[PDB]
Amino acid sequence: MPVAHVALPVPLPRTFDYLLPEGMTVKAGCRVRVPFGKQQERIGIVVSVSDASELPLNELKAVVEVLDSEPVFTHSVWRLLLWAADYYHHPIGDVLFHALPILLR
Amino acid sequence: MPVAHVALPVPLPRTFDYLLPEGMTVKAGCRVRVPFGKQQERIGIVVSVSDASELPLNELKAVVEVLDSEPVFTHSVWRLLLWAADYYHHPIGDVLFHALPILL
């Protein structure tokens, strides 16, 4: 009766909002360490950065650390990754994290 | 800037939770109208009906109405559609909603 799990029509790449503490600076295509779960760690890839989110800034968890000074990916590779993710209906995190090992190695 | 839209190798069934109403019995495959953030109504499809939430059963956004008594999708189209999503890497959300029209 309680909790019901629903599926809702979401915006193209369903991303996760993290807050950037004062003094921290990131650009697209870079990796960061972020919180996940009431107390766990994990690695991600910034896809974009704006000045808004669905929830108030003060609610977003804060990015723990940036791993990449510059994009780990190439400018051309990156633009494509995002494109194929959008065009063929694949989760953006799914593509990126899968293609990183392939592309680097 | 402030917010960072990060991508994560998130699980397969990324869904949202909404407390089911009293005397309101719904099952998987049925469309349901639920509040969407700071705002008003919007249609959604129930994938699962647990008894456990990630957040407290106090500050959980509730449900509204059950637009269907019987699952618009068949135990057959259902099985199939969830397989599609999982085998070809497509968000359940997207396969289900995009599929509904064609179905009707």
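Protein chains in written order, with our numbering: chain A, 2 to 106; chain P, 7 to 110. All residues carry an ideal CB built from backbone N, CA and C; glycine is no exception.
Where residue i falls, given that 16 or more other Cβ within 10 Å makes a residue buried
i: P97(P); result: buried
i: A85(A); result: exposed
i: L61(P); result: exposed
Under 8 Å between C-beta atoms of residue i and residue j
i: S49(A); j: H81(P); result: no
i: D95(A); j: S54(A); result: no
i: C31(A); j: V64(A); result: no
i: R48(P); j: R15(A); result: no
i: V78(A); j: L104(A); result: yes
Residue i CB to nearest heavy atom of the ligand PLP below 7 Å
i: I108(P); result: This structure does not include the ligand PLP; it has no bound ligands of any sort.
For residue j and residue i, believed in contact at Cβ under 8 Å, the rounded distance
i: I51(P); j: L102(P); result: 5 Å
i: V27(A); j: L21(A); result: 7 Å
Test: residue i CB closer than 8 Å to a CB of chain A
i: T21(P); result: yes
i: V12(P); result: yes
i: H96(P); result: yes
i: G50(P); result: yes
i: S75(P); result: no
i: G35(P); result: no
i: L63(P); result: yes
Rounded straight-line distance, which links the Cα of residue j to that of residue i
i: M2(A); j: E76(P); result: 17 Å
i: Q41(A); j: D74(P); result: 38 Å
i: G43(P); j: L58(A); result: 15 Å
i: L101(A); j: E23(A); result: 29 Å
i: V4(A); j: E65(P); result: 12 Å
i: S56(P); j: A34(P); result: 11 Å
i: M25(A); j: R34(A); result: 13 Å
Proximity test, Cβ basis, 8 Å: residue i and chain P
i: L105(A); result: no
i: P10(A); result: yes
i: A53(A); result: yes
i: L20(A); result: yes
i: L97(A); result: yes
i: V65(A); result: no
i: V78(A); result: no
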